[PDB]
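Two forms, one chain: they're shown below as C-alpha cells, one block per form, named structure 1 and structure 2.
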Structure 1
C-alpha cells in the first residue's frame, strides 16, 4: 500500500546497497514498471540513465524526489534475472546460451558506442522480459569512458571478483572495453557450465593458473563443447590488448553457428494466413 504520485508500489523485486526496487503499477493506466527507491553520484547515474535507448538495455522513464527519497522509474523485465535460469553444475541448453550471448553483446556494443561502461556485468544484472529478451540493468557503477571521441582510462577498482578482468587488479589504469568483454566471457562460462571458473583472476588462484596452463580437462571447461570453448579461449586472455574485441567476437565460429529454432508462428486473431 505505499505509492508515489499515480503509482502503487506493490511488490519488492530486490534490494540495493543503498536502495530497494519495487514493482510499480499505474492506478489509471495499469502500466507496470520497476522503481528503484534510494534513501538520500545518483546525479551521475541519472545522467547516464537518460542516455539509454536500446532494446537490450533497461530504459529509464524519469525520476521523482520526495524529501529524502529518490525514485527512479525504469522499464520492467518481468522474467527476472538470467541468474535464475542457470542450473547449478549444468548451465542451460547451448542454443539458449547463444541467444542470450547474442543479446548481451548487442547491449554491450550499444553501451560502448555511447561511451558508457557498465562495469558489473554478471547474470544477476541481466534481466529477461516476458519473451526472454535480455536487458542489462543497474547503472549504479556505470561510467563514461569515452567523451567527445576521446577515451579515458579507468582507475577505480569495482565489480565482482569472479567476473572482474585481471588487469583491473594488476594495472594502475586500464581500458574499459576489454574489462566488460572479460565479464561477458565469465557470464558465457556460467551459462554453459552452471559454475564459475575461479574466485578471482589472480596469480595466487589455482583455478586461474590452471586455465592459463590450458588444463581444460578440469571443470568447468570440460562441460563446454569445443566451439564455444574456442571462443572462451579468445575472451579469457590475460593481456587486455591481446584479448578479442567485440567486432571479432562477431566473427567467431560458435557465435555464428546456427543452433536455435525460431518461435512458432503467432496465433491468428483476425484475417487469414
Structure 2
C-alpha cells in the first residue's frame, strides 16, 4: 500500500517519512509513531486554514499509529534561508504576513503551537506558508477561559524569556516571540542567541540596545523597529498580533 521512499525529518514524537502510494505514485507526508497522541490527533481535526498543513487521516497497527498530511512541494522555509544572508525583504514580508494569519487562526480557536521555527513552516506549490507539526500544540483557551502554561518546551533559540524564568505564563506572547526570531532568521540568515537568558551575552547586548552588532546590523531600520516591539523581555509589554498588523514595515508595500 505505501513505500517510505525518503525520510523528511524527526518530529517531537518519532519521525515523518515521505511515503509514495505504490498504486497511484501519490507523494504524501506520513508520521509513524510506535508505542498525547490522542491530543495531537484531536487538535489536527480542529484545523482548517490556508496557512496550516491539510490533515488527511490516521490508522493503527498494534500500538503503531499513522498520520497523513498534505505533502509540501516547496519544502520548509528553513531551506529558503541563505546562511549569513537570509532572503529578499519582500519574500520575508509575505511569509511573515502568512505566518501571522496562521498564528491568528490557531490562537482564535484557543490553540498554541509552542514550536514555531523555519523547520516547521512548510511551503506549497505556489509558495504559501503552512504551519505544521502539532506535537507540542495544546489548548490555552476553552469555553472562553484562558489557561496559563507551565510546561517548558520548544527550541531554545526560539523560546521566549518568560518560559525560562516563570512558573506560569500566557501562551500567545510565547508564539509571538518565536515569530520575531523567525523574522530575524529570514532577514539576517542567523539566530541572534542560543537562549534568551541573563547569562547569554548576545541577548544582554540586545537588551542594552546594541543594534550596531549582528544580526541587527544586516536588518533595515523599519523591520528592526518591529523586532524591537516583538523581542521585549516582559511578555505583558511585548506587542500583540493586532498591534503587529498596525506596524509600519508590516504595511510597507515591497518589491
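Only the largest set of C-alpha atoms that superpose within 1.5 Å between the two forms is called the rigid core. Positions refer to the first chain, counted from 1.
- Lining up the core between structures 1 and 2 shows that one residue from 241, 226, 26, 53 moves its Cα 2 Å or more, and that residue is 26.
- Once the rigid core is matched between structures 1 and 2, the CA atom of residue 73 is found 1.2 Å away.
- With both forms fitted on their core, the C-alpha atom of residue 187 sits 0.1 Å from where it sits in the other form; this compares the forms between structures 1 and 2.
- Taking the core as reference, the Cα of residue 17 moves 4.9 angstrom between structures 1 and 2.
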